[PDB]
Structure formats: structure tokens, C-alpha cells
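In what follows, a single structure is set out as C-alpha cells and then discussed.
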Amino acid sequence: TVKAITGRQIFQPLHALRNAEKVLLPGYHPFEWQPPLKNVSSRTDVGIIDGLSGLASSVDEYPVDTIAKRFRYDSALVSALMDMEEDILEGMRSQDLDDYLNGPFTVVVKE
DNA sequence: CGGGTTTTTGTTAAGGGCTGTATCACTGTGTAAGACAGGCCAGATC
DNA sequence: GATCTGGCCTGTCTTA
DNA sequence: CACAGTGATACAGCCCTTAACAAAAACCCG
């Protein structure tokens, strides 16, 4: 309606937003653990995956009737850290530190 | 009223990229009480 | 003193 | 034959390029 009345593209179409979404969602930024994760793959492009984690759905074994969707924890934390980079940099600048510091950060979480 | 001359307007083919629209399988709003027929015990009775 | 009547109940159906 | 949504996918539609030609709308002159 805005583009039809005004005649100027103040907002972009839906596909532009759909394309821009791929920057904030997890499984987009590269990373690497010091000591390789145990029993965990190294794919850094793992988005939304099935929550059943490959659970068998055959009629023979234990009947399962639940669906699930979830991210991968490590990619989730990577996306979370990418989301709040500006706040971390501002906190470093406020406490009279250097922006080029790379000391071991400590991040506590609440499940 | 035409040639000579000039400035606009398409026209083909193939490929790229942005925009708009149809298509898929579905939902949430239609949600408490009353009329009535049948069975059954307590009791007045002739 | 069994014998129906009356009312009490009670499950079912009809709209929501 | 209730009907307005609801997010992702595919495809039509509508812009873009080069390349010579080819037609259309006007003014000097005859």
C-alpha cells in the first residue's frame, strides 16, 4: 500500500528480508574449538535440524509420536556472541581496556 | 503537395537480476441447561 | 393388605 | 457453497546488455 500510494520504495519486499535473515540465524559464522569437540561434528553450517537426533521410527521398536526441532548448542552460542559484539566492545572500552585484547573471556549462562 | 535532412522509436537474438503473484496444506471463530419418557417406592385405600 | 397414584428420581435427547 | 490468513517455493513478468537495420514524425526547399 505504501509503494502504491507514495510511489517510492520506503520498505523492501519480503524476499530481501528473507535473504537478510541468513546473517543472524546460527550456522553462519566460522569458528574452531581448541580441543576438538568429542562426538561432535565440525560443520559450521548446521541450521535447524530434527530434534529426534536420528531416532528410529519403525513400527517394530518403541513407538515414538513426538516431533522436535532444535539448533546445535555450540552454533547457538556462536550466533549469540555475534549478536552482542557491539555491547562487548563498548564494555571493553568503558573499563579502560584495549580493543585489540584477546584474553580468555568467561561467559556464564543460565539454562 | 514530395526529396533532403533531421531527431525519436522499435526490433532480433540470448542471457542476468529484481519484483510480483500463484500454490501448498492448514486454522479460528460457530461450546450448558432444559424437556421428557420410563422406572420405582411411600402411602391412602375399600 | 395388596393395589394402584403421585411424585421423586434419572437417563437420554435437543439446542449450544 | 464462511473466509481471512501464513510462511516458503517456483515461475511468469518485467527491467537490464550488444547490434546493426528499419520504420515514424516533423522542418528546409522545390
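Labels used: A, B, ... for chains in the order of the C-alpha cells, numbers from 1 for residues in each chain, and numbers from 1 for ligands as shown.
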
ask   = How would you write, as a VMD selection string, the set of residues in range 13-81 of chain A that DSSP gives as helix (DSSP H, G or I)?
value = chain A and resid 14 to 23 73 to 81

query = Which residues of chain B are close to chain A, meaning at most 12 Å apart when you count only C-alpha atoms (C1' of nucleotides), and how do they look as a ChimeraX atom specification?
reply = /B:18-20

message = Restricting the calculation to only C-alpha atoms (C1' of nucleotides): of D:8, D:14, D:1, D:29, which residue gets closest to chain A?
response = D:8

When DSSP works through the backbone of this structure, what residues of chain A end up as strand (DSSP E), shown as a PDB file with N, CA and C atoms, in the first residue's frame?
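Once written, result25.pdb looks like this:
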ATOM      1  N   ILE A  49      17.774 -28.430  12.702  1.00  0.00           N
ATOM      2  CA  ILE A  49      17.813 -29.858  12.426  1.00  0.00           C
ATOM      3  C   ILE A  49      16.707 -30.544  13.214  1.00  0.00           C
ATOM      4  N   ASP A  50      16.434 -31.791  12.837  1.00  0.00           N
ATOM      5  CA  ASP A  50      15.401 -32.563  13.512  1.00  0.00           C
ATOM      6  C   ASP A  50      15.808 -32.854  14.951  1.00  0.00           C
ATOM      7  N   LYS A  69      12.253 -29.842  16.936  1.00  0.00           N
ATOM      8  CA  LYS A  69      13.200 -29.050  16.166  1.00  0.00           C
ATOM      9  C   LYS A  69      14.108 -28.304  17.131  1.00  0.00           C
ATOM     10  N   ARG A  70      15.381 -28.185  16.763  1.00  0.00           N
ATOM     11  CA  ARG A  70      16.355 -27.548  17.638  1.00  0.00           C
ATOM     12  C   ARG A  70      17.585 -27.157  16.833  1.00  0.00           C
TER      13      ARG A  70
END

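Coordinates place CA of residue 25 in chain A at a distance of 9.3 Å from CA of residue 80 in chain A.
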
task = Write out as a list in words which residues come within 12 Å of residue 15 in chain C when counting only C-alpha atoms (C1' of nucleotides), dropping same-chain ones fewer than 3 positions away.
result =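 Contacts, in chain order: residues 31, 32, 33, 34 and 35 of chain B.
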
Same residues, N, CA and C atoms (P, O5', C5', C4', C3', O3' and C1' of nucleotides), output as a PDB file, in the first residue's frame:
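Wrote it out as part.pdb, contents follow:
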ATOM      1  P    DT B  31     -22.062 -21.907  19.660  1.00  0.00           P
ATOM      2  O5'  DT B  31     -20.853 -22.270  20.642  1.00  0.00           O
ATOM      3  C5'  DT B  31     -20.980 -22.036  22.044  1.00  0.00           C
ATOM      4  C4'  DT B  31     -20.771 -23.318  22.832  1.00  0.00           C
ATOM      5  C3'  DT B  31     -20.374 -23.122  24.286  1.00  0.00           C
ATOM      6  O3'  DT B  31     -21.541 -22.997  25.099  1.00  0.00           O
ATOM      7  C1'  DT B  31     -19.121 -24.902  23.242  1.00  0.00           C
ATOM      8  P    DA B  32     -21.509 -22.110  26.441  1.00  0.00           P
ATOM      9  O5'  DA B  32     -21.725 -23.173  27.621  1.00  0.00           O
ATOM     10  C5'  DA B  32     -22.900 -23.981  27.652  1.00  0.00           C
ATOM     11  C4'  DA B  32     -23.823 -23.564  28.786  1.00  0.00           C
ATOM     12  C3'  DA B  32     -23.299 -23.844  30.183  1.00  0.00           C
ATOM     13  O3'  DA B  32     -23.831 -22.858  31.113  1.00  0.00           O
ATOM     14  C1'  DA B  32     -24.883 -25.520  29.429  1.00  0.00           C
ATOM     15  P    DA B  33     -24.756 -23.244  32.377  1.00  0.00           P
ATOM     16  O5'  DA B  33     -26.107 -23.806  31.727  1.00  0.00           O
ATOM     17  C5'  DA B  33     -27.108 -24.389  32.551  1.00  0.00           C
ATOM     18  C4'  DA B  33     -28.459 -24.359  31.858  1.00  0.00           C
ATOM     19  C3'  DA B  33     -29.599 -25.001  32.639  1.00  0.00           C
ATOM     20  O3'  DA B  33     -30.806 -24.295  32.395  1.00  0.00           O
ATOM     21  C1'  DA B  33     -29.286 -26.168  30.607  1.00  0.00           C
ATOM     22  P    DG B  34     -32.084 -24.523  33.342  1.00  0.00           P
ATOM     23  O5'  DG B  34     -33.133 -25.255  32.386  1.00  0.00           O
ATOM     24  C5'  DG B  34     -33.515 -24.644  31.164  1.00  0.00           C
ATOM     25  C4'  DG B  34     -34.265 -25.622  30.279  1.00  0.00           C
ATOM     26  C3'  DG B  34     -35.404 -26.378  30.963  1.00  0.00           C
ATOM     27  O3'  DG B  34     -36.521 -26.428  30.096  1.00  0.00           O
ATOM     28  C1'  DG B  34     -33.935 -27.903  29.957  1.00  0.00           C
ATOM     29  P    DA B  35     -37.982 -26.784  30.660  1.00  0.00           P
ATOM     30  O5'  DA B  35     -38.494 -27.922  29.664  1.00  0.00           O
ATOM     31  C5'  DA B  35     -38.414 -27.718  28.260  1.00  0.00           C
ATOM     32  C4'  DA B  35     -38.771 -28.984  27.502  1.00  0.00           C
ATOM     33  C3'  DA B  35     -39.933 -29.780  28.080  1.00  0.00           C
ATOM     34  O3'  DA B  35     -40.715 -30.320  27.029  1.00  0.00           O
ATOM     35  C1'  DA B  35     -37.945 -31.096  28.131  1.00  0.00           C
TER      36       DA B  35
END

Write out as a PDB file with C-alpha atoms, in the first residue's frame the residues lying within 9 Å of residue 75 in chain A, counting only C-alpha atoms (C1' of nucleotides) and excluding same-chain residues fewer than 4 positions away.
ATOM      1  CA  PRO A  26      23.098 -19.711  13.702  1.00  0.00           C
ATOM      2  CA  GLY A  27      25.374 -21.771  11.473  1.00  0.00           C
ATOM      3  CA  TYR A  28      26.715 -18.802   9.523  1.00  0.00           C
ATOM      4  CA  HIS A  29      29.967 -17.637  11.106  1.00  0.00           C
ATOM      5  CA  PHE A  31      34.790 -20.808  14.348  1.00  0.00           C
ATOM      6  CA  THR A  44      29.717 -24.745  10.808  1.00  0.00           C
ATOM      7  CA  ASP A  45      26.648 -24.503   8.533  1.00  0.00           C
ATOM      8  CA  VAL A  46      24.266 -26.537  10.708  1.00  0.00           C
ATOM      9  CA  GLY A  47      20.977 -24.670  11.000  1.00  0.00           C
ATOM     10  CA  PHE A  71      19.642 -25.851  16.837  1.00  0.00           C
ATOM     11  CA  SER A  79      25.368 -16.761  16.999  1.00  0.00           C
ATOM     12  CA  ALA A  80      24.663 -15.308  20.451  1.00  0.00           C
TER      13      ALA A  80
END

ask   = Any idea what's packed within 12 Å of range 2-12 of chain B, counting only C-alpha atoms (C1' of nucleotides), ignoring anything in its chain fewer than 5 positions away? Could you give it as a PyMOL selection string?
value = chain D and resi 18-30

Those residues with N, CA and C atoms (P, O5', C5', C4', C3', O3' and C1' of nucleotides), as a PDB file, in the first residue's frame please?
ATOM      1  P    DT D  18      25.449  -1.973 -24.399  1.00  0.00           P
ATOM      2  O5'  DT D  18      25.640  -3.174 -25.439  1.00  0.00           O
ATOM      3  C5'  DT D  18      26.751  -4.057 -25.315  1.00  0.00           C
ATOM      4  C4'  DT D  18      26.835  -5.000 -26.505  1.00  0.00           C
ATOM      5  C3'  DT D  18      26.961  -4.319 -27.865  1.00  0.00           C
ATOM      6  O3'  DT D  18      27.822  -5.079 -28.700  1.00  0.00           O
ATOM      7  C1'  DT D  18      25.002  -5.637 -27.829  1.00  0.00           C
ATOM      8  P    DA D  19      28.475  -4.410 -30.005  1.00  0.00           P
ATOM      9  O5'  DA D  19      27.368  -4.631 -31.138  1.00  0.00           O
ATOM     10  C5'  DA D  19      26.911  -5.945 -31.438  1.00  0.00           C
ATOM     11  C4'  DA D  19      25.985  -5.922 -32.640  1.00  0.00           C
ATOM     12  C3'  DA D  19      26.109  -4.673 -33.513  1.00  0.00           C
ATOM     13  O3'  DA D  19      26.152  -5.039 -34.886  1.00  0.00           O
ATOM     14  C1'  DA D  19      23.860  -4.973 -32.845  1.00  0.00           C
ATOM     15  P    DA D  20      27.403  -4.591 -35.790  1.00  0.00           P
ATOM     16  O5'  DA D  20      27.014  -3.114 -36.274  1.00  0.00           O
ATOM     17  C5'  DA D  20      26.507  -2.891 -37.586  1.00  0.00           C
ATOM     18  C4'  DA D  20      25.175  -3.595 -37.789  1.00  0.00           C
ATOM     19  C3'  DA D  20      24.294  -2.995 -38.890  1.00  0.00           C
ATOM     20  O3'  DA D  20      23.875  -4.014 -39.793  1.00  0.00           O
ATOM     21  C1'  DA D  20      23.057  -3.268 -36.887  1.00  0.00           C
ATOM     22  P    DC D  21      24.088  -3.828 -41.375  1.00  0.00           P
ATOM     23  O5'  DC D  21      22.604  -3.663 -41.950  1.00  0.00           O
ATOM     24  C5'  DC D  21      21.766  -2.620 -41.470  1.00  0.00           C
ATOM     25  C4'  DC D  21      20.398  -3.161 -41.098  1.00  0.00           C
ATOM     26  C3'  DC D  21      19.229  -2.533 -41.856  1.00  0.00           C
ATOM     27  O3'  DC D  21      18.304  -3.540 -42.240  1.00  0.00           O
ATOM     28  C1'  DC D  21      18.895  -2.292 -39.528  1.00  0.00           C
ATOM     29  P    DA D  22      17.365  -3.322 -43.524  1.00  0.00           P
ATOM     30  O5'  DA D  22      16.046  -2.656 -42.919  1.00  0.00           O
ATOM     31  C5'  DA D  22      15.285  -3.354 -41.944  1.00  0.00           C
ATOM     32  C4'  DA D  22      14.230  -2.452 -41.335  1.00  0.00           C
ATOM     33  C3'  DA D  22      13.655  -1.391 -42.285  1.00  0.00           C
ATOM     34  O3'  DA D  22      12.234  -1.485 -42.317  1.00  0.00           O
ATOM     35  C1'  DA D  22      14.240  -0.440 -40.206  1.00  0.00           C
ATOM     36  P    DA D  23      11.391  -0.747 -43.472  1.00  0.00           P
ATOM     37  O5'  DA D  23      10.351   0.159 -42.662  1.00  0.00           O
ATOM     38  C5'  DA D  23       9.414  -0.453 -41.783  1.00  0.00           C
ATOM     39  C4'  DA D  23       9.057   0.474 -40.635  1.00  0.00           C
ATOM     40  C3'  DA D  23       8.272   1.729 -41.031  1.00  0.00           C
ATOM     41  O3'  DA D  23       7.107   1.852 -40.226  1.00  0.00           O
ATOM     42  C1'  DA D  23      10.139   2.303 -39.687  1.00  0.00           C
ATOM     43  P    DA D  24       5.991   2.952 -40.581  1.00  0.00           P
ATOM     44  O5'  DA D  24       6.309   4.162 -39.584  1.00  0.00           O
ATOM     45  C5'  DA D  24       6.121   3.994 -38.183  1.00  0.00           C
ATOM     46  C4'  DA D  24       6.250   5.321 -37.455  1.00  0.00           C
ATOM     47  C3'  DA D  24       5.548   6.502 -38.130  1.00  0.00           C
ATOM     48  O3'  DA D  24       4.881   7.293 -37.153  1.00  0.00           O
ATOM     49  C1'  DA D  24       7.824   7.016 -37.789  1.00  0.00           C
ATOM     50  P    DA D  25       3.796   8.392 -37.601  1.00  0.00           P
ATOM     51  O5'  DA D  25       4.473   9.784 -37.198  1.00  0.00           O
ATOM     52  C5'  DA D  25       4.710  10.085 -35.828  1.00  0.00           C
ATOM     53  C4'  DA D  25       5.594  11.313 -35.685  1.00  0.00           C
ATOM     54  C3'  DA D  25       5.102  12.560 -36.424  1.00  0.00           C
ATOM     55  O3'  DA D  25       5.316  13.713 -35.618  1.00  0.00           O
ATOM     56  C1'  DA D  25       7.285  12.044 -37.116  1.00  0.00           C
ATOM     57  P    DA D  26       4.373  15.004 -35.780  1.00  0.00           P
ATOM     58  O5'  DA D  26       4.719  15.556 -37.241  1.00  0.00           O
ATOM     59  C5'  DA D  26       4.892  16.955 -37.456  1.00  0.00           C
ATOM     60  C4'  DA D  26       6.363  17.325 -37.405  1.00  0.00           C
ATOM     61  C3'  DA D  26       6.810  18.316 -38.466  1.00  0.00           C
ATOM     62  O3'  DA D  26       6.671  19.647 -37.977  1.00  0.00           O
ATOM     63  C1'  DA D  26       8.396  16.515 -38.197  1.00  0.00           C
ATOM     64  P    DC D  27       6.591  20.883 -39.002  1.00  0.00           P
ATOM     65  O5'  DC D  27       8.121  21.210 -39.344  1.00  0.00           O
ATOM     66  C5'  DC D  27       8.960  21.820 -38.365  1.00  0.00           C
ATOM     67  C4'  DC D  27      10.309  22.210 -38.958  1.00  0.00           C
ATOM     68  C3'  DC D  27      10.262  23.250 -40.072  1.00  0.00           C
ATOM     69  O3'  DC D  27      11.429  24.065 -40.017  1.00  0.00           O
ATOM     70  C1'  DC D  27      11.144  21.232 -40.926  1.00  0.00           C
ATOM     71  P    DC D  28      11.587  25.329 -40.997  1.00  0.00           P
ATOM     72  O5'  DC D  28      12.631  24.829 -42.103  1.00  0.00           O
ATOM     73  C5'  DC D  28      12.951  25.666 -43.210  1.00  0.00           C
ATOM     74  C4'  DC D  28      14.241  25.216 -43.873  1.00  0.00           C
ATOM     75  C3'  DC D  28      14.434  25.713 -45.295  1.00  0.00           C
ATOM     76  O3'  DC D  28      15.827  25.761 -45.611  1.00  0.00           O
ATOM     77  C1'  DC D  28      14.049  23.379 -45.324  1.00  0.00           C
ATOM     78  P    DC D  29      16.322  26.034 -47.118  1.00  0.00           P
ATOM     79  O5'  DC D  29      15.064  26.732 -47.830  1.00  0.00           O
ATOM     80  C5'  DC D  29      15.077  26.996 -49.237  1.00  0.00           C
ATOM     81  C4'  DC D  29      14.819  25.727 -50.032  1.00  0.00           C
ATOM     82  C3'  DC D  29      13.933  25.896 -51.252  1.00  0.00           C
ATOM     83  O3'  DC D  29      14.717  26.277 -52.377  1.00  0.00           O
ATOM     84  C1'  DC D  29      13.436  23.866 -50.043  1.00  0.00           C
ATOM     85  P    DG D  30      14.009  26.838 -53.706  1.00  0.00           P
ATOM     86  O5'  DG D  30      13.461  25.525 -54.443  1.00  0.00           O
ATOM     87  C5'  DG D  30      14.367  24.499 -54.842  1.00  0.00           C
ATOM     88  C4'  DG D  30      13.627  23.208 -55.146  1.00  0.00           C
ATOM     89  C3'  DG D  30      12.838  23.204 -56.455  1.00  0.00           C
ATOM     90  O3'  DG D  30      12.934  21.928 -57.077  1.00  0.00           O
ATOM     91  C1'  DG D  30      11.372  22.790 -54.653  1.00  0.00           C
TER      92       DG D  30
END

Kindly provide the residues of chain C that approach range 39-42 of chain B to within 10 Å, each paired with its closest atom pair and their distance in Å to one decimal, based on only C-alpha atoms (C1' of nucleotides), listed by chain and increasing number, as a tab-separated table.
residue	atom	partner	partner_atom	distance
C:6	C1'	B:42	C1'	9.5
C:7	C1'	B:42	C1'	9.9
C:8	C1'	B:40	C1'	8.9
C:9	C1'	B:40	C1'	8.4
C:10	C1'	B:39	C1'	8.8

With N, CA, C and O atoms (P, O5', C5', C4', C3', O3' and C1' of nucleotides) kept, could you save the residues just selected as an mmCIF file, in the first residue's frame?
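Saved to out34.cif:
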data_model
loop_
_atom_site.group_PDB
_atom_site.id
_atom_site.type_symbol
_atom_site.label_atom_id
_atom_site.label_comp_id
_atom_site.auth_asym_id
_atom_site.auth_seq_id
_atom_site.Cartn_x
_atom_site.Cartn_y
_atom_site.Cartn_z
ATOM 1 P P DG C 6 -52.741 -39.720 40.555
ATOM 2 O "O5'" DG C 6 -51.475 -39.385 41.472
ATOM 3 C "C5'" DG C 6 -51.640 -39.248 42.881
ATOM 4 C "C4'" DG C 6 -50.383 -38.694 43.530
ATOM 5 C "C3'" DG C 6 -49.679 -37.598 42.741
ATOM 6 O "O3'" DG C 6 -49.125 -36.639 43.628
ATOM 7 C "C1'" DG C 6 -48.245 -39.489 42.949
ATOM 8 P P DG C 7 -48.637 -35.211 43.073
ATOM 9 O "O5'" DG C 7 -47.060 -35.233 43.321
ATOM 10 C "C5'" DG C 7 -46.558 -35.456 44.631
ATOM 11 C "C4'" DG C 7 -45.238 -36.204 44.587
ATOM 12 C "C3'" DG C 7 -44.086 -35.451 43.907
ATOM 13 O "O3'" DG C 7 -42.896 -35.592 44.677
ATOM 14 C "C1'" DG C 7 -44.295 -37.582 42.987
ATOM 15 P P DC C 8 -41.588 -34.714 44.343
ATOM 16 O "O5'" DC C 8 -40.528 -35.187 45.444
ATOM 17 C "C5'" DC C 8 -40.528 -36.541 45.904
ATOM 18 C "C4'" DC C 8 -39.561 -37.391 45.097
ATOM 19 C "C3'" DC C 8 -38.470 -36.608 44.367
ATOM 20 O "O3'" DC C 8 -37.221 -36.776 45.024
ATOM 21 C "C1'" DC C 8 -39.387 -38.401 43.034
ATOM 22 P P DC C 9 -35.918 -35.999 44.494
ATOM 23 O "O5'" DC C 9 -35.283 -37.008 43.429
ATOM 24 C "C5'" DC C 9 -34.960 -38.335 43.821
ATOM 25 C "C4'" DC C 9 -34.718 -39.215 42.608
ATOM 26 C "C3'" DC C 9 -33.756 -38.642 41.580
ATOM 27 O "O3'" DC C 9 -32.389 -39.034 41.870
ATOM 28 C "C1'" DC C 9 -35.645 -39.776 40.567
ATOM 29 P P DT C 10 -31.864 -40.549 41.684
ATOM 30 O "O5'" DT C 10 -31.757 -40.760 40.102
ATOM 31 C "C5'" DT C 10 -32.147 -42.008 39.534
ATOM 32 C "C4'" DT C 10 -32.103 -41.962 38.017
ATOM 33 C "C3'" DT C 10 -30.944 -41.156 37.419
ATOM 34 O "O3'" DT C 10 -30.380 -41.878 36.337
ATOM 35 C "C1'" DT C 10 -32.955 -40.480 36.463
#

query = Which residues, written as a PyMOL selection string, have at least one atom at most 12 Å from residue 2 in chain D, with only C-alpha atoms (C1' of nucleotides) counted and residues fewer than 5 positions away on the same chain left out?
reply = chain B and resi 28-30

I need the residues from that last selection saved to file as a compact mmCIF listing (two decimals), in the first residue's frame (with N, CA, C and O atoms (P, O5', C5', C4', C3', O3' and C1' of nucleotides)), if you can.
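What ended up in out.txt:
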# COMPACT_ATOMS: atom_id res chain seq x y z
P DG B 28 -6.81 -23.36 15.79
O5' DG B 28 -7.74 -22.10 16.11
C5' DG B 28 -7.18 -20.79 16.08
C4' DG B 28 -8.26 -19.77 15.78
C3' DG B 28 -9.53 -19.92 16.61
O3' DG B 28 -9.96 -18.65 17.09
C1' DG B 28 -10.06 -19.95 14.30
P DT B 29 -9.93 -18.34 18.67
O5' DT B 29 -11.46 -18.07 19.04
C5' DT B 29 -12.48 -18.90 18.51
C4' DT B 29 -13.41 -18.10 17.61
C3' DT B 29 -14.84 -18.57 17.58
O3' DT B 29 -15.55 -18.13 18.72
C1' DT B 29 -14.11 -18.05 15.38
P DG B 30 -16.71 -19.06 19.33
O5' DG B 30 -16.83 -20.25 18.27
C5' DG B 30 -17.84 -21.24 18.41
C4' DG B 30 -19.10 -20.85 17.64
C3' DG B 30 -20.25 -21.84 17.76
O3' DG B 30 -21.35 -21.22 18.39
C1' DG B 30 -19.88 -21.18 15.47

inquiry  = Using only C-alpha atoms (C1' of nucleotides), which protein or nucleic acid residues come within 12 Å of residue 6 in chain D? Drop anything in the same chain fewer than 2 positions from it, and give the result as an NGL selection string.
reply    = (:B and (24-27)) or (:D and (4 or 8))
